[PDB]
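First up is the structure itself, then whatever we jot down about it.
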Amino acid sequence: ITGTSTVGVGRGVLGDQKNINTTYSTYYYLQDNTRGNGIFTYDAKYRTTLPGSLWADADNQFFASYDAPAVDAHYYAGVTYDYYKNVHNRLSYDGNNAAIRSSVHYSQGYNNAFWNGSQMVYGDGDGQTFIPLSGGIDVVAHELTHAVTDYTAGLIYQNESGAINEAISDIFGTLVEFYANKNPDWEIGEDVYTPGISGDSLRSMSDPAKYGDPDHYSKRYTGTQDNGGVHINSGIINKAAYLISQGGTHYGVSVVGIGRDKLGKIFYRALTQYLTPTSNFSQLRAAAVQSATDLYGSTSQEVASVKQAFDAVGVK
Ligand SMILES: [Ca+2]
Ligand SMILES: [Ca+2]
Ligand SMILES: [Ca+2]
Ligand SMILES: [Ca+2]
Ligand SMILES: [Zn+2]
C-alpha cells in the first residue's frame, strides 16, 4: 500500500524485542520500504489460502502473542536481504529487487515452512515438534535461499540436484545466522525445534550422522522417499561445506579450513555461474573447484581445501 515509512517495535517468537520497518496509512502495515521493492508480511489466519491479508496493526506496537511470528518473519527477511546485498552484491532473490512476501499463521499446527514459487510460508508448529517456524533465522534464510536458487541454478528438486538445492539452503541459512551473530552454530533449526528438548536440532552440518543423515557418499540414500532423499543426502554436502570452512579430519582425510567468508564466496559463485538444473554431486565438486580457482588461483590453499573436503565425503 501507499503510505509513510516508519518504525515500529515488537517481540519475536523467542520473546526478544526488536524494531521493524512498517508503513503508515490509517493502519500500520508490515511493509518495509527500505529494502528493494519492499518486504511484505501477511496474515494467513490459520487458513491455507495465500497470501492472506497484508498485516495491519492499529498502534505500531507488536507485543501480542499472535504478532510474534509476523515480527520475526518480517525482521529476518530483512536481515537475509541485507546479507545478500552487502556480502554478495545481490539485490533480492531475483537480482532485481523483487518484493519479498511472507505469510504466517498458515494452517493449524503446521510443522513446516516453504517457498511456493512466489512467496515464503510459515506454519505455527504444533508446539511439540516446532514452535512458529519464522522464529529461526536459519529457517527464514533457508527458505529465501530456495528462491535465490530458483532464479539462478534452478536445481531440480529431486535426487542429487535436489540434495544440492537443500544443502545450498542450509549453507546460506547458516551463513546468514553467523552474519546476524544470533547465537550462531552449524546446526539447523535449533531455535524452533522441540521446545521441550534443549541442545538438539533438525539437522547438523558439523555432524550429519548425529541425526542419522549420511556424511559420506558411500552412505547415500538411494530410495524414492523424500523426492529421492533431498533432505537426507544434503548431509553429504553440508559436511563438505563445514569442512571447507572449519577444517578437520573426516574418514582419514585431513582438510585445512579456510573460513566462512571464503566458503560463502566459493559457493555463491558456483551457484550463480556454474551449476545447472540437473547438476549432480560430481558436477558440484567441479563447480566449486572452478569457483575457488577463479577467485584464488589454481595453486591456492583454497582450491586445495575444496578438493580435500570433497575427497573426505567421497565425492569424486
Ligand atoms: Ca498493536
Ligand atoms: Ca543458533
Ligand atoms: Ca542454526
Ligand atoms: Ca529443541
Ligand atoms: Zn529446503
Side-chain angles (χ1 to χ4, degrees), residues 1-86 90-110 112-125 127 131-137 139-141 143-144 146-147 176 180 182 192:
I1 54 79
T2 301
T4 303
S5 296
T6 189
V7 180
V9 63
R11 284 196 179 92
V13 176
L14 300 182
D16 58 318
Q17 181 173 301
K18 59 238 294 178
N19 295 307
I20 46 179
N21 294 299
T22 58
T23 297
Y24 179 65
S25 188
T26 297
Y27 278 100
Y28 290 88
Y29 295 86
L30 286 184
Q31 178 180 312
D32 176 2
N33 306 303
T34 72
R35 298 179 167 96
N37 275 45
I39 294 180
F40 303 78
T41 302
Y42 303 73
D43 185 5
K45 314 171 184 180
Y46 305 137
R47 306 287 298 191
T48 52
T49 52
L50 296 172
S53 309
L54 188 60
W55 199 287
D57 187 82
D59 61 8
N60 210 28
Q61 291 185 290
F62 306 75
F63 295 108
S65 61
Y66 193 76
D67 304 336
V71 169
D72 282 341
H74 197 66
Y75 185 92
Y76 291 141
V79 176
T80 305
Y81 172 100
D82 290 351
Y83 170 77
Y84 277 109
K85 179 175 180 296
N86 299 321
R90 187 187 186 74
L91 299 176
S92 197
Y93 56 83
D94 70 338
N96 197 46
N97 272 153
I100 296 171
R101 302 175 196 289
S102 304
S103 293
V104 298
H105 292 308
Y106 176 82
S107 197
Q108 303 184 194
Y110 193 64
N112 188 53
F114 60 98
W115 165 258
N116 81 342
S118 305
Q119 65 165 105
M120 292 182 281
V121 184
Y122 298 95
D124 286 322
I131 55 177
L133 285 76
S134 57
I137 187 169
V139 172
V140 175
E143 298 308 334
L144 194 49
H146 272 309
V176 171
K182 168 199 168 195
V192 297

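Residue numbers run from 1 in the order of the sequence given.
For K182, the NZ atom sits in a packed shell: over 12 heavy atoms of surrounding residues, nucleotides or ligands are nearer than 6.0 Å.
If you check the side chains of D124 and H105, you find a donor sitting under 3.5 Å from an acceptor. There is no side-chain donor-acceptor pair under 3.5 Å between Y122 and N112. Counting only N and O atoms by type, the side chains of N60 and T22 include a donor and acceptor under 3.5 Å apart.
Two residues are said to be in side-chain contact when any heavy atoms from C-beta on lie closer than 4.5 Å; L30 and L54 fail this criterion. Between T4 and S25, the closest side-chain pair of non-hydrogen atoms is not below 4.5 Å. Using a 4.5 Å heavy-atom threshold, the side chains of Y27 and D57 count as separate. Side-chain contact check for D43 versus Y66: some heavy-atom pair is nearer than 4.5 Å. No side-chain heavy atom of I20 sits less than 4.5 Å from a side-chain heavy atom of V7. Side-chain atoms of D67 and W55, non-hydrogen and from C-beta on, do get closer than 4.5 Å to each other.
The list of side chain to side chain donor-acceptor pair (under 3.5 Å) pairs with a residue in residues 95-104, not counting sequence neighbours, reads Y42-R101, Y81-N97, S103-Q119. Applying the salt bridge (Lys or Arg N to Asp or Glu O under 4.0 Å) test to pairs two or more places apart or on separate chains, those with a residue in residues 1-24 are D16-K18, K18-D72.
Taking the six-membered ring for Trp and the full ring otherwise, the centers of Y106 and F114 sit less than 6.0 Å from each other.
For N33, the side chain to side chain contact (heavy atoms under 4.5 Å, CB included) test picks out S5, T23, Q31, with sequence neighbours left out.
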Exercise. Do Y110 and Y46 pass the ring-ring contact (aromatic ring centres under 6.0 Å, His included) test, and can you show the C-alpha distance, the side-chain angles, and the key distance before you say yes or no?
Worked result: CA-CA 9 Å; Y110 193 64; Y46 305 137; over 10 Å; no
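For the pair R35 and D32, the salt-bridge criterion is met [side-chain N within less than 4.0 Å of a carboxylate O].
A ring-ring contact (aromatic ring centres under 6.0 Å, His included) with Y93 is found for exactly one of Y84, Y83, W115, namely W115.
Side chain of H74 to backbone of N21: a donor-acceptor contact under 3.5 angstrom is found. Listed for the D82 side chain is no donor-acceptor partner under 3.5 Å among the backbone atoms of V79. Between the side chain of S134 and the backbone N or O of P69, at least one donor-acceptor pair lies under 3.5 Å.
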